[PDB]
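File shown here: run24.json, holding JSON, N, CA and C atoms.
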[["chain", "number", "residue", "atom", "x", "y", "z"],
["A", 1, "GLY", "N", 169.18, -102.45, -20.74],
["A", 1, "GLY", "CA", 170.60, -102.67, -20.57],
["A", 1, "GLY", "C", 170.94, -103.29, -19.23],
["A", 2, "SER", "N", 171.38, -102.47, -18.28],
["A", 2, "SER", "CA", 171.74, -102.95, -16.96],
["A", 2, "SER", "C", 172.47, -104.29, -17.04],
["A", 3, "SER", "N", 173.37, -104.40, -18.01],
["A", 3, "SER", "CA", 174.13, -105.63, -18.20],
["A", 3, "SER", "C", 175.61, -105.41, -17.91],
["A", 4, "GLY", "N", 176.26, -106.43, -17.35],
["A", 4, "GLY", "CA", 177.67, -106.32, -17.03],
["A", 4, "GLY", "C", 178.10, -107.32, -15.98],
["A", 5, "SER", "N", 179.41, -107.45, -15.79],
["A", 5, "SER", "CA", 179.95, -108.39, -14.81],
["A", 5, "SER", "C", 179.27, -108.22, -13.46],
["A", 6, "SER", "N", 179.06, -109.33, -12.76],
["A", 6, "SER", "CA", 178.41, -109.31, -11.45],
["A", 6, "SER", "C", 179.45, -109.41, -10.33],
["A", 7, "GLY", "N", 180.25, -110.47, -10.37],
["A", 7, "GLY", "CA", 181.27, -110.67, -9.36],
["A", 7, "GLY", "C", 181.67, -112.13, -9.22],
["A", 8, "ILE", "N", 182.77, -112.50, -9.86],
["A", 8, "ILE", "CA", 183.26, -113.87, -9.80],
["A", 8, "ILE", "C", 184.53, -113.97, -8.96],
["A", 9, "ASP", "N", 184.91, -115.19, -8.61],
["A", 9, "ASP", "CA", 186.10, -115.42, -7.81],
["A", 9, "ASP", "C", 186.49, -116.90, -7.82],
["A", 10, "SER", "N", 187.71, -117.19, -8.26],
["A", 10, "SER", "CA", 188.20, -118.56, -8.32],
["A", 10, "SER", "C", 189.14, -118.86, -7.16],
["A", 11, "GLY", "N", 188.78, -119.85, -6.35],
["A", 11, "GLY", "CA", 189.60, -120.22, -5.21],
["A", 11, "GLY", "C", 190.43, -121.46, -5.47],
["A", 12, "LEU", "N", 190.93, -121.60, -6.69],
["A", 12, "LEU", "CA", 191.74, -122.75, -7.06],
["A", 12, "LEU", "C", 193.13, -122.32, -7.50],
["A", 13, "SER", "N", 194.13, -123.12, -7.14],
["A", 13, "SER", "CA", 195.52, -122.83, -7.50],
["A", 13, "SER", "C", 196.02, -123.78, -8.58],
["A", 14, "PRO", "N", 195.65, -123.49, -9.84],
["A", 14, "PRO", "CA", 196.05, -124.30, -10.99],
["A", 14, "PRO", "C", 197.54, -124.19, -11.29],
["A", 15, "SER", "N", 198.05, -125.10, -12.10],
["A", 15, "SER", "CA", 199.46, -125.11, -12.47],
["A", 15, "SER", "C", 199.63, -124.99, -13.98],
["A", 16, "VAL", "N", 200.86, -124.70, -14.41],
["A", 16, "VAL", "CA", 201.16, -124.56, -15.83],
["A", 16, "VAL", "C", 201.79, -125.82, -16.39],
["A", 17, "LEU", "N", 201.44, -126.16, -17.62],
["A", 17, "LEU", "CA", 201.98, -127.35, -18.27],
["A", 17, "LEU", "C", 202.74, -126.98, -19.54],
["A", 18, "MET", "N", 203.36, -127.98, -20.16],
["A", 18, "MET", "CA", 204.12, -127.76, -21.38],
["A", 18, "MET", "C", 203.67, -128.71, -22.49],
["A", 19, "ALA", "N", 203.14, -128.15, -23.57],
["A", 19, "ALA", "CA", 202.67, -128.95, -24.69],
["A", 19, "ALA", "C", 203.01, -128.27, -26.02],
["A", 20, "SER", "N", 203.28, -129.08, -27.04],
["A", 20, "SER", "CA", 203.62, -128.56, -28.36],
["A", 20, "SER", "C", 202.49, -128.84, -29.35],
["A", 21, "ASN", "N", 202.09, -127.80, -30.08],
["A", 21, "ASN", "CA", 201.02, -127.92, -31.07],
["A", 21, "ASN", "C", 201.17, -126.87, -32.16],
["A", 22, "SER", "N", 200.52, -127.12, -33.30],
["A", 22, "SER", "CA", 200.58, -126.19, -34.43],
["A", 22, "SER", "C", 199.84, -124.90, -34.11],
["A", 23, "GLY", "N", 200.19, -123.83, -34.82],
["A", 23, "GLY", "CA", 199.54, -122.55, -34.60],
["A", 23, "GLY", "C", 199.03, -121.93, -35.88],
["A", 24, "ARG", "N", 198.35, -120.79, -35.76],
["A", 24, "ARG", "CA", 197.80, -120.10, -36.92],
["A", 24, "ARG", "C", 198.77, -119.03, -37.42],
["A", 25, "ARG", "N", 199.01, -119.02, -38.73],
["A", 25, "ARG", "CA", 199.91, -118.05, -39.33],
["A", 25, "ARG", "C", 199.56, -116.64, -38.88],
["A", 26, "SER", "N", 198.35, -116.20, -39.20],
["A", 26, "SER", "CA", 197.89, -114.87, -38.83],
["A", 26, "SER", "C", 197.30, -114.86, -37.42],
["A", 27, "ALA", "N", 198.14, -114.62, -36.43],
["A", 27, "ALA", "CA", 197.70, -114.58, -35.04],
["A", 27, "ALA", "C", 198.37, -113.44, -34.28],
["A", 28, "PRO", "N", 197.71, -112.99, -33.20],
["A", 28, "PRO", "CA", 198.22, -111.89, -32.37],
["A", 28, "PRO", "C", 199.46, -112.30, -31.58],
["A", 29, "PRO", "N", 200.12, -111.30, -30.96],
["A", 29, "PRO", "CA", 201.33, -111.53, -30.16],
["A", 29, "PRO", "C", 201.04, -112.27, -28.86],
["A", 30, "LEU", "N", 202.09, -112.73, -28.20],
["A", 30, "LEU", "CA", 201.94, -113.46, -26.94],
["A", 30, "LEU", "C", 201.38, -112.55, -25.85],
["A", 31, "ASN", "N", 200.32, -113.01, -25.19],
["A", 31, "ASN", "CA", 199.69, -112.25, -24.12],
["A", 31, "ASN", "C", 200.54, -112.26, -22.86],
["A", 32, "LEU", "N", 201.32, -111.19, -22.67],
["A", 32, "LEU", "CA", 202.19, -111.08, -21.50],
["A", 32, "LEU", "C", 201.36, -110.90, -20.23],
["A", 33, "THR", "N", 200.50, -109.88, -20.23],
["A", 33, "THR", "CA", 199.66, -109.60, -19.08],
["A", 33, "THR", "C", 199.12, -110.89, -18.46],
["A", 34, "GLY", "N", 199.70, -111.29, -17.34],
["A", 34, "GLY", "CA", 199.27, -112.50, -16.67],
["A", 34, "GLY", "C", 200.41, -113.46, -16.39],
["A", 35, "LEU", "N", 201.20, -113.74, -17.42],
["A", 35, "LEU", "CA", 202.34, -114.65, -17.28],
["A", 35, "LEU", "C", 203.21, -114.25, -16.10],
["A", 36, "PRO", "N", 203.75, -115.26, -15.40],
["A", 36, "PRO", "CA", 204.62, -115.03, -14.23],
["A", 36, "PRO", "C", 205.97, -114.45, -14.62],
["A", 37, "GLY", "N", 206.40, -113.43, -13.89],
["A", 37, "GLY", "CA", 207.68, -112.80, -14.17],
["A", 37, "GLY", "C", 207.55, -111.61, -15.11],
["A", 38, "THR", "N", 206.34, -111.41, -15.64],
["A", 38, "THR", "CA", 206.09, -110.31, -16.56],
["A", 38, "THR", "C", 206.59, -108.99, -15.99],
["A", 39, "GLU", "N", 206.76, -108.94, -14.68],
["A", 39, "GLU", "CA", 207.25, -107.74, -14.01],
["A", 39, "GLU", "C", 208.76, -107.80, -13.80],
["A", 40, "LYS", "N", 209.30, -109.01, -13.80],
["A", 40, "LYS", "CA", 210.73, -109.21, -13.61],
["A", 40, "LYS", "C", 211.53, -108.41, -14.63],
["A", 41, "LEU", "N", 210.99, -108.29, -15.84],
["A", 41, "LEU", "CA", 211.66, -107.54, -16.90],
["A", 41, "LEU", "C", 210.91, -106.25, -17.21],
["A", 42, "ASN", "N", 211.39, -105.52, -18.21],
["A", 42, "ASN", "CA", 210.76, -104.26, -18.61],
["A", 42, "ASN", "C", 210.19, -104.36, -20.02],
["A", 43, "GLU", "N", 209.69, -103.23, -20.52],
["A", 43, "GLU", "CA", 209.11, -103.19, -21.86],
["A", 43, "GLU", "C", 210.12, -103.68, -22.90],
["A", 44, "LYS", "N", 211.39, -103.38, -22.67],
["A", 44, "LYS", "CA", 212.45, -103.79, -23.58],
["A", 44, "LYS", "C", 212.36, -105.28, -23.90],
["A", 45, "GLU", "N", 212.37, -106.10, -22.85],
["A", 45, "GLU", "CA", 212.29, -107.55, -23.02],
["A", 45, "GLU", "C", 210.87, -107.97, -23.38],
["A", 46, "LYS", "N", 209.90, -107.46, -22.63],
["A", 46, "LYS", "CA", 208.49, -107.78, -22.87],
["A", 46, "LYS", "C", 208.18, -107.77, -24.36],
["A", 47, "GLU", "N", 208.91, -106.94, -25.11],
["A", 47, "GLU", "CA", 208.70, -106.83, -26.55],
["A", 47, "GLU", "C", 209.07, -108.14, -27.25],
["A", 48, "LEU", "N", 210.25, -108.66, -26.93],
["A", 48, "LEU", "CA", 210.71, -109.91, -27.53],
["A", 48, "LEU", "C", 209.73, -111.05, -27.27],
["A", 49, "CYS", "N", 209.20, -111.09, -26.05],
["A", 49, "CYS", "CA", 208.24, -112.12, -25.67],
["A", 49, "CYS", "C", 207.05, -112.14, -26.62],
["A", 50, "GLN", "N", 206.70, -110.97, -27.14],
["A", 50, "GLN", "CA", 205.58, -110.85, -28.06],
["A", 50, "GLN", "C", 206.00, -111.22, -29.48],
["A", 51, "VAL", "N", 206.88, -110.42, -30.06],
["A", 51, "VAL", "CA", 207.36, -110.66, -31.42],
["A", 51, "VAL", "C", 207.92, -112.07, -31.56],
["A", 52, "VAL", "N", 208.78, -112.46, -30.62],
["A", 52, "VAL", "CA", 209.37, -113.79, -30.63],
["A", 52, "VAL", "C", 208.39, -114.84, -30.14],
["A", 53, "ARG", "N", 207.34, -114.39, -29.46],
["A", 53, "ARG", "CA", 206.32, -115.30, -28.93],
["A", 53, "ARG", "C", 206.92, -116.23, -27.88],
["A", 54, "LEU", "N", 207.65, -115.66, -26.94],
["A", 54, "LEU", "CA", 208.28, -116.43, -25.88],
["A", 54, "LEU", "C", 207.79, -115.98, -24.50],
["A", 55, "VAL", "N", 207.70, -116.93, -23.57],
["A", 55, "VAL", "CA", 207.24, -116.63, -22.22],
["A", 55, "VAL", "C", 208.25, -115.75, -21.48],
["A", 56, "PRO", "N", 207.75, -114.72, -20.79],
["A", 56, "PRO", "CA", 208.59, -113.80, -20.02],
["A", 56, "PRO", "C", 209.21, -114.45, -18.80],
["A", 57, "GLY", "N", 208.42, -115.26, -18.09],
["A", 57, "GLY", "CA", 208.91, -115.93, -16.91],
["A", 57, "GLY", "C", 210.06, -116.87, -17.21],
["A", 58, "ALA", "N", 210.14, -117.31, -18.46],
["A", 58, "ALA", "CA", 211.20, -118.23, -18.88],
["A", 58, "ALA", "C", 212.38, -117.46, -19.47],
["A", 59, "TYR", "N", 212.08, -116.42, -20.24],
["A", 59, "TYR", "CA", 213.11, -115.61, -20.87],
["A", 59, "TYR", "C", 214.15, -115.16, -19.85],
["A", 60, "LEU", "N", 213.75, -115.13, -18.58],
["A", 60, "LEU", "CA", 214.65, -114.72, -17.51],
["A", 60, "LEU", "C", 215.58, -115.86, -17.11],
["A", 61, "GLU", "N", 215.04, -117.08, -17.09],
["A", 61, "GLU", "CA", 215.82, -118.25, -16.73],
["A", 61, "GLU", "C", 216.97, -118.47, -17.71],
["A", 62, "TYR", "N", 216.80, -117.96, -18.93],
["A", 62, "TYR", "CA", 217.82, -118.10, -19.96],
["A", 62, "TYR", "C", 218.93, -117.08, -19.77],
["A", 63, "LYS", "N", 218.57, -115.91, -19.25],
["A", 63, "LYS", "CA", 219.54, -114.85, -19.01],
["A", 63, "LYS", "C", 220.76, -115.38, -18.27],
["A", 64, "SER", "N", 220.59, -115.68, -16.99],
["A", 64, "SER", "CA", 221.68, -116.19, -16.17],
["A", 64, "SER", "C", 222.59, -117.10, -16.99],
["A", 65, "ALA", "N", 222.06, -118.25, -17.39],
["A", 65, "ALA", "CA", 222.82, -119.21, -18.18],
["A", 65, "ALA", "C", 223.60, -118.51, -19.29],
["A", 66, "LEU", "N", 222.88, -117.91, -20.23],
["A", 66, "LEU", "CA", 223.51, -117.21, -21.34],
["A", 66, "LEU", "C", 224.68, -116.36, -20.86],
["A", 67, "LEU", "N", 224.45, -115.59, -19.80],
["A", 67, "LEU", "CA", 225.49, -114.74, -19.24],
["A", 67, "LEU", "C", 226.51, -115.56, -18.46],
["A", 68, "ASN", "N", 226.11, -116.76, -18.06],
["A", 68, "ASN", "CA", 226.99, -117.64, -17.31],
["A", 68, "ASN", "C", 228.14, -118.15, -18.19],
["A", 69, "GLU", "N", 227.79, -118.87, -19.24],
["A", 69, "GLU", "CA", 228.78, -119.41, -20.16],
["A", 69, "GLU", "C", 229.75, -118.33, -20.62],
["A", 70, "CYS", "N", 229.20, -117.24, -21.15],
["A", 70, "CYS", "CA", 230.01, -116.12, -21.63],
["A", 70, "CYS", "C", 230.92, -115.60, -20.52],
["A", 71, "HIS", "N", 230.32, -115.22, -19.40],
["A", 71, "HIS", "CA", 231.08, -114.70, -18.27],
["A", 71, "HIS", "C", 232.37, -115.48, -18.07],
["A", 72, "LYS", "N", 232.28, -116.81, -18.17],
["A", 72, "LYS", "CA", 233.44, -117.67, -18.01],
["A", 72, "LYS", "C", 234.50, -117.36, -19.06],
["A", 73, "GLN", "N", 234.13, -117.51, -20.33],
["A", 73, "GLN", "CA", 235.05, -117.25, -21.43],
["A", 73, "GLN", "C", 234.90, -115.82, -21.93],
["A", 74, "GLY", "N", 233.75, -115.53, -22.53],
["A", 74, "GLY", "CA", 233.50, -114.19, -23.05],
["A", 74, "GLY", "C", 233.03, -114.21, -24.49],
["A", 75, "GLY", "N", 233.14, -115.37, -25.14],
["A", 75, "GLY", "CA", 232.72, -115.49, -26.52],
["A", 75, "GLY", "C", 231.64, -116.53, -26.71],
["A", 76, "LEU", "N", 230.39, -116.07, -26.76],
["A", 76, "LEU", "CA", 229.25, -116.97, -26.93],
["A", 76, "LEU", "C", 228.49, -116.64, -28.21],
["A", 77, "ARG", "N", 228.37, -117.63, -29.09],
["A", 77, "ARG", "CA", 227.67, -117.45, -30.36],
["A", 77, "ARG", "C", 226.30, -118.13, -30.32],
["A", 78, "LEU", "N", 225.61, -118.12, -31.45],
["A", 78, "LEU", "CA", 224.29, -118.73, -31.55],
["A", 78, "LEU", "C", 224.38, -120.24, -31.38],
["A", 79, "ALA", "N", 225.37, -120.85, -32.02],
["A", 79, "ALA", "CA", 225.57, -122.29, -31.94],
["A", 79, "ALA", "C", 225.67, -122.75, -30.48],
["A", 80, "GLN", "N", 226.13, -121.85, -29.62],
["A", 80, "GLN", "CA", 226.27, -122.16, -28.20],
["A", 80, "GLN", "C", 225.01, -121.76, -27.43],
["A", 81, "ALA", "N", 224.48, -120.59, -27.74],
["A", 81, "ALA", "CA", 223.28, -120.09, -27.07],
["A", 81, "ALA", "C", 222.14, -121.09, -27.19],
["A", 82, "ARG", "N", 221.65, -121.28, -28.41],
["A", 82, "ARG", "CA", 220.55, -122.21, -28.66],
["A", 82, "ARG", "C", 220.72, -123.48, -27.84],
["A", 83, "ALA", "N", 221.97, -123.80, -27.49],
["A", 83, "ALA", "CA", 222.27, -124.99, -26.70],
["A", 83, "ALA", "C", 222.09, -124.72, -25.21],
["A", 84, "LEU", "N", 222.57, -123.56, -24.76],
["A", 84, "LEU", "CA", 222.46, -123.19, -23.36],
["A", 84, "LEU", "C", 221.01, -123.21, -22.89],
["A", 85, "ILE", "N", 220.09, -123.11, -23.85],
["A", 85, "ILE", "CA", 218.67, -123.13, -23.53],
["A", 85, "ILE", "C", 217.99, -124.38, -24.08],
["A", 86, "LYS", "N", 218.64, -125.01, -25.06],
["A", 86, "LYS", "CA", 218.11, -126.22, -25.67],
["A", 86, "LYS", "C", 216.76, -125.96, -26.32],
["A", 87, "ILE", "N", 216.59, -124.76, -26.86],
["A", 87, "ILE", "CA", 215.34, -124.38, -27.51],
["A", 87, "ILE", "C", 215.56, -124.06, -28.98],
["A", 88, "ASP", "N", 214.49, -124.12, -29.76],
["A", 88, "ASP", "CA", 214.57, -123.83, -31.19],
["A", 88, "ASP", "C", 215.39, -122.57, -31.44],
["A", 89, "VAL", "N", 216.52, -122.73, -32.12],
["A", 89, "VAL", "CA", 217.39, -121.61, -32.43],
["A", 89, "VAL", "C", 216.59, -120.40, -32.91],
["A", 90, "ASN", "N", 215.53, -120.67, -33.66],
["A", 90, "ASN", "CA", 214.68, -119.61, -34.19],
["A", 90, "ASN", "C", 214.31, -118.62, -33.09],
["A", 91, "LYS", "N", 214.04, -119.13, -31.90],
["A", 91, "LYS", "CA", 213.67, -118.29, -30.76],
["A", 91, "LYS", "C", 214.85, -117.43, -30.33],
["A", 92, "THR", "N", 215.87, -118.06, -29.77],
["A", 92, "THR", "CA", 217.06, -117.35, -29.31],
["A", 92, "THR", "C", 217.54, -116.35, -30.35],
["A", 93, "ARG", "N", 217.49, -116.76, -31.62],
["A", 93, "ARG", "CA", 217.93, -115.90, -32.71],
["A", 93, "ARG", "C", 217.56, -114.44, -32.44],
["A", 94, "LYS", "N", 216.39, -114.23, -31.85],
["A", 94, "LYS", "CA", 215.92, -112.89, -31.53],
["A", 94, "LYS", "C", 216.52, -112.40, -30.21],
["A", 95, "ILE", "N", 216.62, -113.30, -29.24],
["A", 95, "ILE", "CA", 217.17, -112.97, -27.94],
["A", 95, "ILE", "C", 218.67, -112.69, -28.03],
["A", 96, "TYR", "N", 219.44, -113.72, -28.37],
["A", 96, "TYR", "CA", 220.88, -113.58, -28.50],
["A", 96, "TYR", "C", 221.25, -112.25, -29.15],
["A", 97, "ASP", "N", 220.80, -112.07, -30.39],
["A", 97, "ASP", "CA", 221.07, -110.84, -31.13],
["A", 97, "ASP", "C", 220.79, -109.61, -30.27],
["A", 98, "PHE", "N", 219.61, -109.59, -29.66],
["A", 98, "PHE", "CA", 219.21, -108.47, -28.81],
["A", 98, "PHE", "C", 220.23, -108.24, -27.70],
["A", 99, "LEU", "N", 220.84, -109.33, -27.23],
["A", 99, "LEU", "CA", 221.83, -109.25, -26.16],
["A", 99, "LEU", "C", 223.16, -108.72, -26.70],
["A", 100, "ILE", "N", 223.50, -109.12, -27.92],
["A", 100, "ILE", "CA", 224.74, -108.68, -28.55],
["A", 100, "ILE", "C", 224.75, -107.17, -28.77],
["A", 101, "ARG", "N", 223.61, -106.64, -29.19],
["A", 101, "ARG", "CA", 223.48, -105.21, -29.44],
["A", 101, "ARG", "C", 223.20, -104.45, -28.14],
["A", 102, "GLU", "N", 222.88, -105.19, -27.09],
["A", 102, "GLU", "CA", 222.59, -104.59, -25.79],
["A", 102, "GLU", "C", 223.86, -104.44, -24.97],
["A", 103, "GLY", "N", 224.86, -105.26, -25.28],
["A", 103, "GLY", "CA", 226.12, -105.19, -24.55],
["A", 103, "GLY", "C", 226.17, -106.18, -23.40],
["A", 104, "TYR", "N", 225.37, -107.23, -23.49],
["A", 104, "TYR", "CA", 225.32, -108.25, -22.44],
["A", 104, "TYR", "C", 226.31, -109.37, -22.73],
["A", 105, "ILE", "N", 226.51, -109.66, -24.01],
["A", 105, "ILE", "CA", 227.43, -110.71, -24.42],
["A", 105, "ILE", "C", 228.24, -110.29, -25.65],
["A", 106, "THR", "N", 229.08, -111.20, -26.14],
["A", 106, "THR", "CA", 229.90, -110.92, -27.31],
["A", 106, "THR", "C", 229.78, -112.03, -28.34],
["A", 107, "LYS", "N", 229.95, -111.67, -29.61],
["A", 107, "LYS", "CA", 229.86, -112.64, -30.70],
["A", 107, "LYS", "C", 231.18, -113.39, -30.87],
["A", 108, "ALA", "N", 231.11, -114.72, -30.85],
["A", 108, "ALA", "CA", 232.30, -115.55, -31.00],
["A", 108, "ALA", "C", 232.69, -115.68, -32.47]]
Write the structure described by the file as structure tokens, please.
Amino acid sequence: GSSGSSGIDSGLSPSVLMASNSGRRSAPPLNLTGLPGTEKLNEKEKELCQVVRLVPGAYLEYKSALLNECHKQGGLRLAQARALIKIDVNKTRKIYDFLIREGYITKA
């Protein structure tokens, strides 16, 4: 036996990119552990990132905005949300709703 990790170390500062590609129907949830901002939120949100398969570090950037438009008026619907983020409504569909039942925004 006597087998196992020895000791590695990467001294490179890589960056993140954005690309669109097809996926596999039967696949695991989004790997949060690692993504930036994963600590910014709690298990509550971290859940959506998995089920909805959305990045945690980004899910936060949408908060402000989403709460921004509403804050001004007070009535923000899906037709407006999906726009505030300019992302596939399918995604927000899970977020927005979660916010409506959370008491962060209101349904127009």
Which of chain A fall in alpha helix (DSSP H), as a PyMOL selection string: chain A and resi 43-48+56-72+78-85+89-100
Distance query residue A:49 at most 8 Å, all atoms listed in the file, self and fewer than 3 positions along chain excluded, as a ChimeraX atom specification: /A:29-32,44-46,52-56,59
Which residue of A:76, A:60, A:84, A:27 approaches residue A:40 most closely, using only N, CA and C atoms: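 Counting only N, CA and C atoms, the residue closest to residue A:40 is A:60.
The space separating atom CA of residue A:37 from atom C of residue A:57 comes to 5.6 Å.
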Selected residue, from A:85, A:74, A:34, A:26, that lies nearest to residue A:61 when counting only N, CA and C atoms: A:85
Atomic separation - atom CA of residue A:16 relative to atom CA of residue A:89, Å: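 Between atom CA of residue A:89 and atom CA of residue A:16 the gap works out to 23.4 Å.
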Nearby residues (only C-alpha atoms) at most 12 Å from stretch 77-79 of chain A, same-chain spacing under 3 positions excluded, as a PyMOL selection string: chain A and resi 66-67+69-70+73-74+82-100+105-108
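Interatomic distance, atom C of residue A:50 to atom C of residue A:28: 7.0 Å.
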Each side padded by 5 Å, which centre and which edge lengths in Å (one decimal) define the axis-aligned box around the listed atoms of stretch 87-95 of chain A? Give them as lines of an AutoDock Vina configuration file.
center_x = 216.2
center_y = -118.6
center_z = -30.5
size_x = 15.0
size_y = 22.4
size_z = 17.3
Selected residue of minimal separation from residue A:63 among A:80, A:42, A:104, A:33, counting only C-alpha atoms: A:104
Just add N, CA, C and O atoms to stretch 31-49 of chain A and send it as a PDB file, keeping the file's coordinate frame.
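Contents of the output file rebuild-v4.pdb:
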ATOM      1  N   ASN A  31     200.320-113.010 -25.190  1.00  0.00           N
ATOM      2  CA  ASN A  31     199.690-112.250 -24.120  1.00  0.00           C
ATOM      3  C   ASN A  31     200.540-112.260 -22.860  1.00  0.00           C
ATOM      4  O   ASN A  31     200.504-113.205 -22.078  1.00  0.00           O
ATOM      5  N   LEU A  32     201.320-111.190 -22.670  1.00  0.00           N
ATOM      6  CA  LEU A  32     202.190-111.080 -21.500  1.00  0.00           C
ATOM      7  C   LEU A  32     201.360-110.900 -20.230  1.00  0.00           C
ATOM      8  O   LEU A  32     201.505-111.656 -19.273  1.00  0.00           O
ATOM      9  N   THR A  33     200.500-109.880 -20.230  1.00  0.00           N
ATOM     10  CA  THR A  33     199.660-109.600 -19.080  1.00  0.00           C
ATOM     11  C   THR A  33     199.120-110.890 -18.460  1.00  0.00           C
ATOM     12  O   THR A  33     198.196-111.505 -18.993  1.00  0.00           O
ATOM     13  N   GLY A  34     199.700-111.290 -17.340  1.00  0.00           N
ATOM     14  CA  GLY A  34     199.270-112.500 -16.670  1.00  0.00           C
ATOM     15  C   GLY A  34     200.410-113.460 -16.390  1.00  0.00           C
ATOM     16  O   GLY A  34     200.583-113.926 -15.265  1.00  0.00           O
ATOM     17  N   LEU A  35     201.200-113.740 -17.420  1.00  0.00           N
ATOM     18  CA  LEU A  35     202.340-114.650 -17.280  1.00  0.00           C
ATOM     19  C   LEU A  35     203.210-114.250 -16.100  1.00  0.00           C
ATOM     20  O   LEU A  35     203.412-113.068 -15.812  1.00  0.00           O
ATOM     21  N   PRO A  36     203.750-115.260 -15.400  1.00  0.00           N
ATOM     22  CA  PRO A  36     204.620-115.030 -14.230  1.00  0.00           C
ATOM     23  C   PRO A  36     205.970-114.450 -14.620  1.00  0.00           C
ATOM     24  O   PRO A  36     206.614-114.917 -15.561  1.00  0.00           O
ATOM     25  N   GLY A  37     206.400-113.430 -13.890  1.00  0.00           N
ATOM     26  CA  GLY A  37     207.680-112.800 -14.170  1.00  0.00           C
ATOM     27  C   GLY A  37     207.550-111.610 -15.110  1.00  0.00           C
ATOM     28  O   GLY A  37     208.514-110.894 -15.359  1.00  0.00           O
ATOM     29  N   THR A  38     206.340-111.410 -15.640  1.00  0.00           N
ATOM     30  CA  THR A  38     206.090-110.310 -16.560  1.00  0.00           C
ATOM     31  C   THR A  38     206.590-108.990 -15.990  1.00  0.00           C
ATOM     32  O   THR A  38     206.825-108.035 -16.733  1.00  0.00           O
ATOM     33  N   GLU A  39     206.760-108.940 -14.680  1.00  0.00           N
ATOM     34  CA  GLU A  39     207.250-107.740 -14.010  1.00  0.00           C
ATOM     35  C   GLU A  39     208.760-107.800 -13.800  1.00  0.00           C
ATOM     36  O   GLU A  39     209.414-106.774 -13.630  1.00  0.00           O
ATOM     37  N   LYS A  40     209.300-109.010 -13.800  1.00  0.00           N
ATOM     38  CA  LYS A  40     210.730-109.210 -13.610  1.00  0.00           C
ATOM     39  C   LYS A  40     211.530-108.410 -14.630  1.00  0.00           C
ATOM     40  O   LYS A  40     212.615-107.905 -14.324  1.00  0.00           O
ATOM     41  N   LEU A  41     210.990-108.290 -15.840  1.00  0.00           N
ATOM     42  CA  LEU A  41     211.660-107.540 -16.900  1.00  0.00           C
ATOM     43  C   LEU A  41     210.910-106.250 -17.210  1.00  0.00           C
ATOM     44  O   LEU A  41     209.931-105.913 -16.544  1.00  0.00           O
ATOM     45  N   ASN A  42     211.390-105.520 -18.210  1.00  0.00           N
ATOM     46  CA  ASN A  42     210.760-104.260 -18.610  1.00  0.00           C
ATOM     47  C   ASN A  42     210.190-104.360 -20.020  1.00  0.00           C
ATOM     48  O   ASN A  42     210.211-105.420 -20.635  1.00  0.00           O
ATOM     49  N   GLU A  43     209.690-103.230 -20.520  1.00  0.00           N
ATOM     50  CA  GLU A  43     209.110-103.190 -21.860  1.00  0.00           C
ATOM     51  C   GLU A  43     210.120-103.680 -22.900  1.00  0.00           C
ATOM     52  O   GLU A  43     209.745-104.310 -23.892  1.00  0.00           O
ATOM     53  N   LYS A  44     211.390-103.380 -22.670  1.00  0.00           N
ATOM     54  CA  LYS A  44     212.450-103.790 -23.580  1.00  0.00           C
ATOM     55  C   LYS A  44     212.360-105.280 -23.900  1.00  0.00           C
ATOM     56  O   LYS A  44     212.268-105.675 -25.059  1.00  0.00           O
ATOM     57  N   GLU A  45     212.370-106.100 -22.850  1.00  0.00           N
ATOM     58  CA  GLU A  45     212.290-107.550 -23.020  1.00  0.00           C
ATOM     59  C   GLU A  45     210.870-107.970 -23.380  1.00  0.00           C
ATOM     60  O   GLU A  45     210.657-108.751 -24.307  1.00  0.00           O
ATOM     61  N   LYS A  46     209.900-107.460 -22.630  1.00  0.00           N
ATOM     62  CA  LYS A  46     208.490-107.780 -22.870  1.00  0.00           C
ATOM     63  C   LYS A  46     208.180-107.770 -24.360  1.00  0.00           C
ATOM     64  O   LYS A  46     207.299-108.490 -24.826  1.00  0.00           O
ATOM     65  N   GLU A  47     208.910-106.940 -25.110  1.00  0.00           N
ATOM     66  CA  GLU A  47     208.700-106.830 -26.550  1.00  0.00           C
ATOM     67  C   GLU A  47     209.070-108.140 -27.250  1.00  0.00           C
ATOM     68  O   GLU A  47     208.292-108.664 -28.050  1.00  0.00           O
ATOM     69  N   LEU A  48     210.250-108.660 -26.930  1.00  0.00           N
ATOM     70  CA  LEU A  48     210.710-109.910 -27.530  1.00  0.00           C
ATOM     71  C   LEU A  48     209.730-111.050 -27.270  1.00  0.00           C
ATOM     72  O   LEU A  48     209.452-111.860 -28.148  1.00  0.00           O
ATOM     73  N   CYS A  49     209.200-111.090 -26.050  1.00  0.00           N
ATOM     74  CA  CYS A  49     208.240-112.120 -25.670  1.00  0.00           C
ATOM     75  C   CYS A  49     207.050-112.140 -26.620  1.00  0.00           C
ATOM     76  O   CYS A  49     206.465-113.190 -26.877  1.00  0.00           O
TER      77      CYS A  49
END
